[PDB]
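Report on one structure; see the data block that follows.
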Amino acid sequence: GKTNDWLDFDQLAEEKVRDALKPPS
Amino acid sequence: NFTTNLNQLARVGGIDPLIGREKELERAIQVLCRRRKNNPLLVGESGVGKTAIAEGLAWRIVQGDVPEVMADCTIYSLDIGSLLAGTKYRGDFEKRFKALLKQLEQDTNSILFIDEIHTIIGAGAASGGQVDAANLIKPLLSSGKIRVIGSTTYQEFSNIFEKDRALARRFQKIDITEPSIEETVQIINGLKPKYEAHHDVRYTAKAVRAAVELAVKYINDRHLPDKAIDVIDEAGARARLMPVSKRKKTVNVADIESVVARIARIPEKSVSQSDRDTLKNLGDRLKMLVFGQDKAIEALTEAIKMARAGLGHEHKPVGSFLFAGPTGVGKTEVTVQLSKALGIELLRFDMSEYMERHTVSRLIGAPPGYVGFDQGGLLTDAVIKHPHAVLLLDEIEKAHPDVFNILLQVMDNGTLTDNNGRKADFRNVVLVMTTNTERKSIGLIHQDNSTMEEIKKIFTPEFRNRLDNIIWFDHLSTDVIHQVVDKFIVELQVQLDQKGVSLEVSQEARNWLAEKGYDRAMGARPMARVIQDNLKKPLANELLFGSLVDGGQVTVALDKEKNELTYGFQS
Amino acid sequence: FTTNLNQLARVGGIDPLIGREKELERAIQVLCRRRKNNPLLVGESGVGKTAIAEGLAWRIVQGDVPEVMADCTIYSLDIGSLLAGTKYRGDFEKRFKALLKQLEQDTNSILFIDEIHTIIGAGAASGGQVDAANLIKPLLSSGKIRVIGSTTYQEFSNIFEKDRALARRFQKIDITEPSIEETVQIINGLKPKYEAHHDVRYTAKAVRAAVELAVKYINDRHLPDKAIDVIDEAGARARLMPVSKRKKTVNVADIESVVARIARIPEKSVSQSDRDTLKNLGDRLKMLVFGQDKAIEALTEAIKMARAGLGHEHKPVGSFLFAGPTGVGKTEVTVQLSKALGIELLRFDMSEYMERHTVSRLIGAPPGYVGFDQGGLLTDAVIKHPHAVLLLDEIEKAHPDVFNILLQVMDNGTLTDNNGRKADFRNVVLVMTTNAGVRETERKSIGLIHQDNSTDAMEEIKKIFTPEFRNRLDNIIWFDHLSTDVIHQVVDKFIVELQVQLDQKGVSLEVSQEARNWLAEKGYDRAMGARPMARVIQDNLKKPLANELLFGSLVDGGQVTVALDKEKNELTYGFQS
Amino acid sequence: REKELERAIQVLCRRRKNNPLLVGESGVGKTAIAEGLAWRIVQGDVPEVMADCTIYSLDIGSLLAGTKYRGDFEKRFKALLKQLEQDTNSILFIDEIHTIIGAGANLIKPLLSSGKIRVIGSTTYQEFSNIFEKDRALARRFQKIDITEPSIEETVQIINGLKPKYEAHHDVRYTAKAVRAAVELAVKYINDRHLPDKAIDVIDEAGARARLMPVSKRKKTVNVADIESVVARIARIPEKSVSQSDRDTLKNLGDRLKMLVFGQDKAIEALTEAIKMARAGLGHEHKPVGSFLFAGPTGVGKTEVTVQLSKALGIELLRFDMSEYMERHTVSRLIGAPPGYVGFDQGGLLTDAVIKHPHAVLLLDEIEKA
Ligand SMILES: Nc1ncnc2c1ncn2[C@@H]1O[C@H](COP(=O)(O)OP(=O)(O)OP(O)(O)=S)[C@@H](O)[C@H]1O
Ligand SMILES: Nc1ncnc2c1ncn2[C@@H]1O[C@H](COP(=O)(O)OP(=O)(O)OP(O)(O)=S)[C@@H](O)[C@H]1O
Ligand SMILES: Nc1ncnc2c1ncn2[C@@H]1O[C@H](COP(=O)(O)OP(=O)(O)OP(O)(O)=S)[C@@H](O)[C@H]1O
Ligand SMILES: Nc1ncnc2c1ncn2[C@@H]1O[C@H](COP(=O)(O)OP(=O)(O)O)[C@@H](O)[C@H]1O
Ligand SMILES: Nc1ncnc2c1ncn2[C@@H]1O[C@H](COP(=O)(O)OP(=O)(O)O)[C@@H](O)[C@H]1O
Ligand SMILES: Nc1ncnc2c1ncn2[C@@H]1O[C@H](COP(=O)(O)OP(=O)(O)O)[C@@H](O)[C@H]1O
Ligand SMILES: [Mg+2]
Ligand SMILES: [Mg+2]
Ligand SMILES: [Mg+2]
Ligand SMILES: [Mg+2]
Ligand SMILES: [Mg+2]
């Protein structure tokens, strides 16, 4: 008859960042 | 993080008054007057006036024609680009989003209008699958006194909304009905003086109706409210630029035709009073590119004019025809020339590859959850891409019975449904079905295989009864064959004129080419190949070797004994 | 801060505009509109997108432009100047809004913005610290001042048409490279400036032939980008190459030398190289590949007829189906056909596109697909080399949908990509190889006498490939079976390679003439061609020698004597020290 | 590099886009192209138009040592550019230009647009495609030049010029035959690397290997045997002059494999012969040692022979069960995960395993199921 296709679902990696500051003086 | 104000703009200018949205405005006002869950959701489509409803509410408050309880409110339109600016920071979105809310608390009567809600409320800062995207507004919307007017499309509503039940309950859907041509005619009338003052032009009533009617007929991709204004706006700019000392301030229907054509990417098809000139002599100009089957031209040209006269049916195509004649007569030539004449595209399909049971889905598309669903169906896709093209289906009789049912639904209702839920409009497509052996007779002595009741036997009455008119094509007469071969010789002449040579060929050469090229069964299909090798290949080599590069003179010579076409070269 | 390009035109510093007339009217058309009045030029670099904006200011000075916008003074802004003083706290934003306030007070002007993708792309663009995307929205929404931008198809797709605000503010314009004749006129305009700078003089034929030939050997940029550089480079190279007796005169021969160096070719390029390469195409190809005299000759005639020009210019140069079994040097002639014509080779194995989904990958997949980011392989490959040859092996295995994309090339010679660029096929030749029919041709029948004549294998070609597709094809070149003489040369080729590898170790190899014949019948299979000749050599010749080399008399280059045994009819190997 | 250097001078003399961009692959001698240009100036061979023109090599690290409180980055670049511009003859040279363009902003864009100062930039084909094509403003001024590789004979001269430094450091003498051997051998086997870099790596390695073996000063003269050893080690091609210790394993590979697995001698012979063929050198240089498909009835030693072969040869067995990879999406495991997806951290199982064990036998059990 017919072939039942399957659709895979991709996952993306997104990561937040933090900044460690250095006092000027 | 500043946010644009919609009341300040309307008090100075730049906010266009909204007309004909009484029902939608009342619903938004009623929703905004609620104690809890007072967050309207303008669910619409693309091109419809979604932002107009929001901006219309601003000019209503300024003018004062609003309930006193709903008065003194200031609609704020935040800049998504501002909040979304800044990345790779733990609290940038939270600080920007919570700054806007804090600055809004000072005005307990202010309203927030967020355009394209799905962009920032679908995934605000969903880094690494974070669940903070729309959890900030959810408590604020249900409990908080801050209102959020949202505007999204119907498709996005299903894709994202209604899945997060918590967020969906805090929004009140406001359905838009895509106002008809009559509603859009009143809208453009109210805006006519504004555009006329900017461009210093004037629009006729005929042009207004023509622009809206032509955009829906040809510009199917865009919706009526925005696309109609686009035509009016473009006609004003073109009506002012094109005149050179003419001072044609008025904007007639002619200017509308130019802009709609150009923006629709068509070869001048959408013009008024221009087609009538071609319709007057459509058969004449067609007879100069086709020789024979003259009776068929009359049937085809009259039905075309019949449909174009505006007297046809709204729930059926312009005209369904079943061209019937032996192979090679030239039904495909009539169609390939009709499309160029009428300025429409050409769609060509062969039912020889759709004779299987599983291949029928290639036209409409595979059902969901099965192979072939993603790309869709070539038939519905091509129709949506070119709703004014001419549909050509070669060898329809070979098609499986299921395919005939598909065509029956088309001819009966004039519309098909794609596997993705789309609607393929067939109301502006010329449906053309062509119907007609190579193997020699299986007998001791070979015999002729040349072949009104034949169609009835090979086609069910339900299909024949749905045809507008069955045009018959006559077998190529001996006299007519001499005319057909002349078209190829003159076609090569104009092609050769670019190089700078003139072929001395006369009727003596065409005598042999005729019988060799034309076959009773194959017709004139080998005719193209005849010139491809007999006439083109010999001249090609000498033309390039240097003897005739800088101008050349050629001729043809046919010897009775040799039974072949010799050639003469001069320079 | 900003630069008034309009003032430059009055001063006379700007140059005249040569061509792109149709595009100029569209810009004027959009500017006069009340809404969606911001023009947007989307095109590939080198097309001269900025030329249109620069020329627009020039025409206003002439007064041909309508008087409605005659007083308007088009301005321009450079992100570099705006990006300066990064140390200051928001000076970029503070000075940008200040500029708008000055422009707003005037309330009559246009502002060109080169590389607008960067301004809107607040961090989207590589190394982008700009945050002016939000800043432009207030001015554009008010509509007091119009803006003209510039972007590419890549950025336009990924960034533009997604934001509804930009969709209702910017209008897509299709800037396209000009005709070859138009390019000549443009060079003529800039002649006094370029000639004066280098104090040289080039004839009309030099700049004319340069554009017609530079397209063939250069692909990195569009037509009027390299041509302006080629004449500039030619004058510079001529100015300094002669130590003394400066040859300021520039001829067609001088431009051929400079283009050869950048092209990285050994001077093969010529003004009429195509005519020269075509005449000697047949003789220079048969020598390279032995056999297939009938097939090779037919192929050469087809390319000659196409180059003659007595056909349809939109159709591709040639569509050929290399029918016949593999191992008969079909890919070899294709490889040598490109090498002879001085063009690259684009080999694509269609066996990896045996599924419907993969078909879309060739012309660009939908968003979120690996192919989508890369783009259409067929379109991108052709764009990178618009003169190379396309090879699609095993077309009988490809999905029927693949034929649809090929039909558009053979019928229109152009394939629209999702980015919006149109591929050029009028200068590309497509050659397809297929094994269909060979299996049936070698299918022994059910009878006492085998039906030796089973060459009627055309029905299979017609059965697999729909008539529509094969109808457009010029000729179904049928590759013959290598004669015993050709097979002998193939054996020597493999033997020579073995001897070369053996020579590095001091080992000679002697093979009798009769032994080679044994390899010919076994090595060459009618159904598989000469492909098993590389495997039989390894199994019959390399294996015995390997055992003796590791432990035997052949440890250090002694001797080899290969001879066939008549009594046993099997190869015999003699080893000596 | 007379043809490559010619390209740089002509573009520099051009009125517009006078910024030669020496785009080449890693270890192609890109810096030498610009370093060589300075030499010709003193010699005077350069054309008179560009004669007497100073060349300054910018140091990214020196300028990056910002001491001021965020004001050093702009002040250093601003003052440096003016010093080069006032002369009007200097042609700045910046190696690894990609670093300067990247944030660390550059502020050199106005200088490039004006064109008063000429700046030379070196960048790899990779980085050139990633960033320069995106910014048309930056790449428009720079004219991409092509540098693929030097000639075979010319490379021997470059090695001779650099030979005294290596000889003194390693206290060894390189014979003329050895240098020619290294260039010819290296290019033929190490296809991935380029002629200039790999040619100096084997030379440097060959000297260290000779000196290290004897404790006292000895083995000064270097023979071609060392060159073959180091070039074979990096290329991994089987070294010639096989030791008698390793000539027993191959000799008795079939007998050992026949004791563990009885019958099916043809399979053992094919595997042993192919392995022996590779060591001899009569093998493909762009294909695996042997591609064998084992089929037959159940329990006939198809998998056992492969497992024992690994044990006999003392090489790791990269056994992969293809039954797991029924779906197309599972191919990501073997080839590798996408760069930006969640699984980017994990590498390709097949790719990483092969890299870890180059000579390891790869057993794809039940390949048909894949
Ligand atoms: N009556 C005609 N007048 C002019 N050219 C013709 C005529 N008949 C055939 N030709 C030419 O012959 C070409 C090949 O015929 P086709 O168009 O392939 O025929 P066809 O459509 O298969 O035939 P039927 O009879 O319509 S199924 C046409 O495209 C024309 O160029
Ligand atoms: N034409 C040449 N003349 C002289 N020395 C050359 C030449 N070509 C290469 N070399 C040598 O090659 C080396 C220079 O390599 P570099 O150009 O500095 O490499 P690189 O560009 O820094 O490499 P990567 O891989 O791109 S960081 C020195 O040993 C040079 O002497
Ligand atoms: N020819 C053989 N000689 C010795 N032991 C064998 C032989 N064939 C199989 N065995 C033994 O049988 C068991 C399985 O052998 P394997 O070679 O792993 O089987 P296999 O060929 O992978 O099986 P399938 O069913 O074909 S996947 C182990 O104990 C082997 O040692
Ligand atoms: N009923 C209406 N009355 C007046 N203008 C309308 C109306 N509907 C749509 N428009 C016009 O549509 C244009 C573009 O669409 P818009 O109303 O902004 O909606 P959307 O943002 O959904 O496209 C606006 O300039 C607006 O004036
Ligand atoms: N039609 C034209 N008229 C005049 N000059 C042109 C034309 N087309 C290209 N040029 C010139 O060729 C170059 C094209 O550069 P361009 O493609 O505009 O650069 P970019 O892609 O960086 O904007 C410029 O020197 C420009 O002046
Ligand atoms: N006519 C011929 N002249 C010279 N060599 C030929 C000829 N026909 C085949 N060969 C050689 O025989 C082999 C043909 O198979 P090949 O092209 O290697 O197969 P595949 O394309 O499957 O890798 C090649 O080594 C090719 O060079
Ligand atoms: Mg809107
Ligand atoms: Mg430009
Ligand atoms: Mg081959
Ligand atoms: Mg260096
Ligand atoms: Mg097993």
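Chains as they are written, first to last, in the authors' numbering: chain S, 2 to 26; chain F, 171 to 606, 612 to 626, 629 to 748; chain A, 172 to 748; chain B, 191 to 294, 304 to 569. Beta carbons are placed, not taken as given, at the ideal position from N, Cα and C, and that holds for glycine.
With distances taken between CB atoms, is the gap from residue i to residue j smaller than 7 Å?
{"i": "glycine 217 of chain F", "j": "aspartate 396 of chain F", "result": "yes"}
{"i": "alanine 536 of chain A", "j": "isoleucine 648 of chain A", "result": "no"}
{"i": "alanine 691 of chain F", "j": "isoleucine 658 of chain F", "result": "yes"}
{"i": "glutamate 353 of chain B", "j": "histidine 393 of chain B", "result": "no"}
{"i": "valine 236 of chain B", "j": "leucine 411 of chain A", "result": "no"}
{"i": "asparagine 646 of chain F", "j": "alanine 511 of chain F", "result": "no"}
{"i": "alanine 303 of chain A", "j": "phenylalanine 267 of chain A", "result": "yes"}
{"i": "residue 131 of chain B", "j": "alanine 377 of chain B", "result": "What the structure shows of chain B is the stretch from 191 to 569, and residue 131 of chain B is not part of that stretch, so it cannot be assessed."}
{"i": "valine 421 of chain B", "j": "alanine 398 of chain B", "result": "no"}
Kindly list the residues whose CB is nearer than 7 Å to the CB of residue i, restricted to its own chain and excluding five residues on each side of it in sequence; keep chain order.
{"i": "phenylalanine 341 of chain F", "result": "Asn209, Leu211 and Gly320"}
{"i": "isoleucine 514 of chain A", "result": "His558, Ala559 and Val560"}
Helix or strand or just coil, what does DSSP make of residue i?
{"i": "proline 538 of chain A", "result": "coil"}
{"i": "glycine 251 of chain F", "result": "helix"}
{"i": "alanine 552 of chain F", "result": "helix"}
{"i": "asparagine 646 of chain A", "result": "strand"}
{"i": "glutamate 192 of chain F", "result": "helix"}
{"i": "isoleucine 344 of chain A", "result": "strand"}
{"i": "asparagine 624 of chain F", "result": "coil"}
{"i": "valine 213 of chain F", "result": "strand"}
{"i": "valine 371 of chain B", "result": "coil"}
{"i": "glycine 495 of chain B", "result": "coil"}
Return yes when at least one heavy atom of ligand 5 lies under 6 Å from the C-beta of residue i, else no.
{"i": "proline 395 of chain A", "result": "yes"}
{"i": "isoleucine 433 of chain F", "result": "no"}
{"i": "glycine 217 of chain A", "result": "yes"}
Using only the heavy atoms of ligand 2, determine whether one of them is closer than 6 Å to the beta carbon of residue i.
{"i": "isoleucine 357 of chain B", "result": "yes"}
Would you say the beta carbon of residue i comes nearer than 6 Å to a heavy atom of ligand 1?
{"i": "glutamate 503 of chain F", "result": "yes"}
{"i": "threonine 604 of chain F", "result": "yes"}
Report whether the distance from the Cβ of residue i to the nearest heavy atom of ligand 4 is below 6 Å.
{"i": "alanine 398 of chain F", "result": "no"}
{"i": "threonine 322 of chain F", "result": "no"}
Ligand 11 heavy atoms versus the CB of residue i: any closer than 6 Å?
{"i": "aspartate 564 of chain B", "result": "yes"}
Output needed for residue i: all residues of its chain with C-beta closer than 6 Å, excluding positions within five of it in sequence on either side, in chain order.
{"i": "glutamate 275 of chain A", "result": "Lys315"}
Where the beta carbon is closer than 7 Å to any heavy atom of ligand 6, which residues qualify, in chain order? A:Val460, A:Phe461, A:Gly462, A:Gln463, A:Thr497, A:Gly498, A:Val499, A:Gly500, A:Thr502, A:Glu503, A:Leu653, A:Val657, A:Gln660, A:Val661, A:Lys664, A:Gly700, A:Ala701, A:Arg702, A:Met704 and A:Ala705
Which residues have a Cβ closer than 6 Å to any heavy atom of ligand 8, listed in chain order? A:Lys220 and A:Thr221
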